[PDB]
């Protein structure tokens, strides 16, 4: 029987996904910074509205501006709730970060172990077509330099920080590792004699004088699925964790959203995104009500001059009552 290996094109797409998952930490940090920007703009506008009320500059009422009494009570209370929603949103931001960090660690340990499993006489576990071993020059999505623990990408590396800057979404990046996008010829590689045991569950493979018959060995969280007596030939078919048979083909995931580790990332990152969008909608609709009753004099007032003139007015309005 042929002895084949996992191909560098599969490994690189799996690593690409892992650096995207490390970047989720930076994605949630940037997205939250957009909301604090929107909320700071809301805080400014409410001082501008308060100034207009004191200076009697609030329009006679084009829209319903005649009830500033209530439409200011509600704004100062909505402003308080948004602060509690921001904190709930940030809690989800850290859970999404951790969950994605997990999925990445899992995938990185998988590929790294195959990358290291390489020796002389064209014996390897990661190929570059019909040859190998794949070195750091190949596998550039996985490594920074010659294969080792210190050449794997770390969370602050430029590669991770720059992947968080793209317009690519989780679903697109997940699909890049599915059996459909990849295909047999991008998963199986090597010559027919590369002696890779990590990819053989038949006797003398993962176990010596035996086979893992108790558990269907899965790498990733169910990305690459083995049975009990796989050749080592790297015969691949599309399928999930429960699909592998004893003598059949290795099952490569058809739907990466069905894998244990990605299920939580999708769920927790969705929870962040929903929470974030809902705060942004609310800030928008309250600012829609504010920008109506302000008046050009008070609308133009910006930054340091806004606090200056507001305190100028509060001290004058207090001495108006005191005299």
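Residue numbers count along the first chain shown, from 1.
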query: Higher-B stretch (mean Cα B-factor, as the entry records it), 71 to 79 or 92 to 100; finding: 71 to 79
query: Segment of higher mean CA temperature factor, 148 to 156 or 82 to 90; finding: 82 to 90
query: Entry-reported Cα temperature factor of residue 57, expressed as the chain third it lands in; finding: highest
query: Chain-wide C-alpha B factor ranking for residue 193, given as lowest, middle or highest third; finding: middle
query: Third of the chain, ranked by Cα B-factor, where residue 66 sits; finding: highest
query: Residue 42, C-alpha B-factor rank within chain (lowest, middle or highest third); finding: highest
query: Ranked C-alpha temperature factor of residue 294 among modelled chain residues, by third; finding: highest
